[PDB]
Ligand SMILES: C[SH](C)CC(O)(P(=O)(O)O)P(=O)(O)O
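One chain is shown next in structure tokens, namely the form deposited without this ligand.
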């Protein structure tokens, strides 16, 4: 839709992004070799995903700014900020794949898993983060929302990191203590680790660029966006298992990874002492035979029906939030995103 058509101008802008970032070496050939490594890090990790978060910034910017103030310069900045979001994303993914010892990402081998990279990816990840601020300075240094965007990107990083800490404490590599897999802990992890930077950040960035720096307007948008983010992750957890790999384009590994999935949280709320024991001896195992056992326990608890019920109640709640907190912003900004998330 609005994404598929705008996606072209976005992905194609990457070339200028990479150029602008790897062009400070012109004045300092001494770090040329480092800049070449940086370019390789950018091309490998910032490219290959769906660019939903970055596109949201562009899309939201056009709906929040009058068609006359949408000069080529303003649009170039919108694309850049959208790419900054993707760079923040790349920063998290590269670091996260190392921390949980992942093998692949976006279909390809994890950056750190490439021969000659390994733990050096920790520094590569840090450089991705730094590029964010280099771009903001280069393209928005003179804009009146400059400081607001810097603070937004910083806060988003902190929240994500705080959420990552929480997740690491909740599901320690090895320990399958299902006791900490509570609903309040799950919602808190989703809020900090995913919702803030995935759904609030993009619209907030667009809002600031549109001149909407009101602290109240941001609180209202955030109210709506964090709820959308929570549903998004809950749906993602559901589809991870009960989803169709040919449609989703991915195979479920949440159970095997001992993840604090929404499904496992629900299963723990709707389970008899014996059912619990069944989960403890099958959760976090590679053996498909054990995995199928967990999935079997989920269906029996009618989780797929529970999710269906939650999805309808969730949608209603989002429409109410939009109808109540959208203004003075165009409801479409939120409706467009919602429609995209809810299947």
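Between two forms, the rigid core is defined as the largest C-alpha subset superposing within 1.5 Å. Numbering follows the first chain given and starts at 1.
From this point on, the text means the form solved in complex with this ligand, which you will not see here.
- Remark: of stretches 264-272, 94-102, 177-185, 134-142, the one touching this ligand in the bound PDB entry is 94-102 (heavy atom within 4.5 Å).
- Not one of 9, 76 and 80 places a heavy atom within 4.5 Å of this ligand in the bound PDB entry.
- Contact annotation: residue 218 falls outside 4.5 Å of this ligand in the bound PDB entry, judged by heavy atom distances.
- Residue contact with this ligand in the bound PDB entry: residue 193 places a heavy atom within 4.5 Å of it.
- Heavy atoms closer than or equal to 4.5 Å to this ligand in the bound PDB entry belong, across 206-241, to the residues 233, 236, ordered by sequence position.
- Once you line up the core between the shown form and the other one, the CA of 291 is the only one from 55, 42, 64, 291 that shifts by 2 Å or more.
- Core-superposed comparison between the shown form and the other one: CA of residue 211 displaced by less than 2 Å.
- Once both forms are fitted on their rigid core, the CA atom of residue 249 lies 2 Å or more apart between the shown form and the other one.
- Core-aligned CA deviation for residue 240 between the shown form and the other one: 2 Å or greater.
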